[PDB]
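A quick write-up on the structure given underneath.
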Amino acid sequence: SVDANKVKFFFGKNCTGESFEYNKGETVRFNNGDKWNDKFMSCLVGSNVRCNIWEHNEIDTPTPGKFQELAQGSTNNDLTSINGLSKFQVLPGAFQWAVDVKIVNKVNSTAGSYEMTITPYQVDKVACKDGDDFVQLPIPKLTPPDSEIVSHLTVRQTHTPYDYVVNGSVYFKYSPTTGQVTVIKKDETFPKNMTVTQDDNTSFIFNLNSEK
Ligand SMILES: [Ca+2]
Ligand SMILES: [Ca+2]
Ligand SMILES: [Ca+2]
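Numbering (the deposited numbering), first residue to last: 2 to 213.
Here is the structure:
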């Protein structure tokens, strides 16, 4: 059986062919240059976890790709309507949606010595050091989705001089229309020394262009 707290995916309708298992609060990419990215046919999604699948994380481009929000507490004997899912997100009942975040040096030619800490509206604050892989920032029940969640971004060198590099605020927003996340940043809250580019749908890459 499927656990109410985990998910599982099989390469054959009615659970046949091959088997796979995924814990809550994880993200994977299953693709090999557009062919066997699918690797699914029957899956089960526990009554206290959700799945979110995204073709090629389309950025509201002039072609909508393929996307499905596997309803928390359901079984899918076939999803071939949405063969398009080169990215997979598996999230607990505690977390409504989650966002890929990463840090890149555009001035500090050292890495690891630069540590960024982000904390959205009373969430589990997350700190990552420039050189680790993409961090995941889960967000709890955020209803209505089109609301703007207040968030705080602060980045500080872990090595002398270790002053606050920048300290400011940011705003995140969600859209269930295509499971898109969008970030709103203004000179009144966000600094002019870091910027964040939308590398993909639900994927944000912060680059530091001024140590001040
Ligand atoms: Ca594909
Ligand atoms: Ca989109
Ligand atoms: Ca299929």
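Beta carbons are placed, not taken as given, at the ideal position from N, Cα and C, and that holds for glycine.
Cβ distance (whole Å) where residue i is taken to contact residue j below 8 angstroms
| i | j | result |
| --- | --- | --- |
| residue 238 | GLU56 | An answer regarding residue 238 cannot be provided, because it is not within the stretch 2 to 213 covered by the chain. |
| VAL8 | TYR23 | 5 angstroms |
| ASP101 | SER204 | 4 angstroms |
| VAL182 | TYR175 | 6 angstroms |
| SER48 | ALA5 | 4 angstroms |
| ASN58 | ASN202 | 4 angstroms |
Nearest residue (CA-CA) to residue i, options the options
| i | options | result |
| --- | --- | --- |
| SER43 | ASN77, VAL105, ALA5 | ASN77 |
| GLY94 | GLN73, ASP134, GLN199 | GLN73 |
| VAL166 | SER152, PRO192, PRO145 | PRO192 |
| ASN53 | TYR122, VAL184, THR28, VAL108 | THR28 |
| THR159 | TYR115, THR183, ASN58 | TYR115 |
| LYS107 | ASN6, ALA5, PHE207 | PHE207 |
| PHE12 | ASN38, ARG30, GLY34 | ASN38 |
| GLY132 | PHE96, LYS103, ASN84 | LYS103 |
| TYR163 | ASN109, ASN32, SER75 | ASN109 |
| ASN168 | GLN137, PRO177, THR118, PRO145 | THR118 |
| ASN32 | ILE83, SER20, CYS16, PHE89 | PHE89 |
| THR144 | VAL197, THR17, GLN97 | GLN97 |
| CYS16 | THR81, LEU45, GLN69 | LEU45 |
Residues sharing a beta bridge with residue i, DSSP
| i | result |
| --- | --- |
| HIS153 | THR120, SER170 |
| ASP201 | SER204 |
| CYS16 | Partner(s): none; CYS16 has no beta bridge. |
| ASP188 | DSSP output for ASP188 lists no bridge partner at all. |
| residue 214 | Only positions 2 to 213 of the chain appear in this structure, which leaves residue 214 out of reach. |
| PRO93 | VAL50 |
| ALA128 | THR118 |
| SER110 | Its beta-bridge partners do not exist; DSSP assigns none. |
| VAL3 | DSSP lists no partner for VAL3. |
task: Counting only runs of 3+ residues fully inside the region 18–88, write out the beta strand (DSSP E) ranges in chain order.
output: 20–23, 27–30, 43–46, 50–55, 75–77
- request: Take every Cβ of the region 112–129, pair it with every Cβ of the region 56–65, and state whether three or more of those distances are shorter than 8 angstroms.
  value: no
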